[PDB]
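Understanding the architecture of this molecule
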Amino acid sequence: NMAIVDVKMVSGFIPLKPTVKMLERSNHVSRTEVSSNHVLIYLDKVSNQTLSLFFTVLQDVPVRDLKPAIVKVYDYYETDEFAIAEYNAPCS
Ligand SMILES: *[C@@H]1O[C@H](CO)[C@@H](O)[C@H](O)[C@H]1NC(C)=O
């Protein structure tokens, strides 16, 4: 069943509303799991689709040096390559 989940925020960009959107969404199977910096609601039958949402972040620090913001974990099947997938915050 759907187990892997990892997404963090940009460096000092601290989250305020992500708690709200964590609490909000609940679709046919639910755990309300949350690890105090993350969000964990994935469990379901075999699912191959994706969905959409919107989340932004609160500002703790003025500056951002040019070093991109990709938080990538990747583990989906033993045989194929485990399939990294990246794109930077072009604000840099
Ligand atoms: C998703 O992929 C699997 C691969 O075996 C397939 O069996 C299944 O019919 C597909 N559809 C869903 C959403 O389960």
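Residues numbered from 1 in each chain as written, not as in the entry; some residues may be left out. Part of a larger assembly, values for the part shown. Heavy atoms only, no water.

For this deposited structure, the header cites cryo-EM as the method used and 4.3 Å as the resolution.

A tally of regular secondary structure across the protein gives one helix and two strands. For the protein, the α and β elements follow one another from N to C terminus as β-α-β. Seen along its three principal axes, the alpha-carbon backbone of the protein occupies a region of about 45 × 35 × 20 Å. Out of the 92 residues belonging to the protein, those deemed buried represent 7%. Restricting to contacts in the protein with at least 6 residues of sequence separation, those with at least 24 account for 59%. Within the structure as shown, the protein displays about 8,200 Å² of accessible surface, and the carbon and sulfur contribution to it stands at 58%. Between the centroid of the 9 positive side chains of the protein and the centroid of its 11 negative side chains there is a distance of 7 Å. (Helix = DSSP H or I, 4+ residues; strand = E, 2+ residues; numbered from the N terminus. Buried < 20%, exposed > 50% of the residue type's maximum accessible area, 1.4 Å probe, protein only. Contact = heavy atoms within 4.5 Å. Areas by Shrake-Rupley, 256 points an atom, 1.4 Å probe, with all protein chains shown as cover. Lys, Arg positive; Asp, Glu negative; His and termini not counted. Charge placed at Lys NZ, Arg CZ, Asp CG, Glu CD.)

A full pass over the atoms with the stated rule returns zero aromatic pairs. Positioned above the aromatic ring of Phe55, the side-chain terminus of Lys21 is 4.6 Å from the ring centre. (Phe/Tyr/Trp six-rings, centres within 6.5 Å; stacked < 30°, edge-to-face > 60°. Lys NZ or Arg CZ within 6 Å of the ring centre and 35° of its normal.)

We now examine the pattern of salt bridges. Within the structure shown, the criterion is met by one salt bridge. The salt bridge involving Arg64 is made with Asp65; its shortest N-O contact spans 3.3 Å. Owing to a relative accessible area of 36%, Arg64 belongs among the partly exposed residues under this scheme. (Salt bridge = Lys/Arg side-chain N within 4 Å of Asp/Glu carboxyl O.)

Bringing a nonpolar patch on the surface into the picture now. Residues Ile4, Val73, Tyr74, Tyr76, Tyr77, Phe82 and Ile84 make up a contiguous nonpolar surface patch of about 640 Å² in total accessible area. By secondary structure assignment, the location of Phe82 is in the segment after β2 (58-59). For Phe82, a relative accessible area of 35% corresponds to the partly exposed category. (Patch = residues over 30% accessible without salt bridge, like charges linked within 9 Å, V, L, I, M, F, W, Y side chains within 5 Å.)

Let us look at the environment of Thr50. Position of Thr50 relative to the elements: it lies in the loop between α1 (18-24) and β2. For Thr50, a relative accessible area of 65% gives the class exposed. The spatial distance from the C-alpha of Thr50 to the C-alpha of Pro15 is 23 Å, given a sequence separation of 35 residues.

Time to look at the side chain of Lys21. Take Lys21: it is sitting in helix α1. No salt bridge is formed by the buried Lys21; the nearest opposite charge belongs to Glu24, separated by 9.5 Å. Once you skip the residues sitting within four places of it in the chain, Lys21 turns out to touch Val39, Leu53 and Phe55.

Here the focus is the environment of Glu33. Structurally, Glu33 can be placed in the loop between α1 and β2. The spatial distance from the C-alpha of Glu33 to the C-alpha of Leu23 is 9.4 Å, given a sequence separation of ten residues. In this structure, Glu33 is in contact with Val39, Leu40 and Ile41, ignoring residues within four places of it in sequence.

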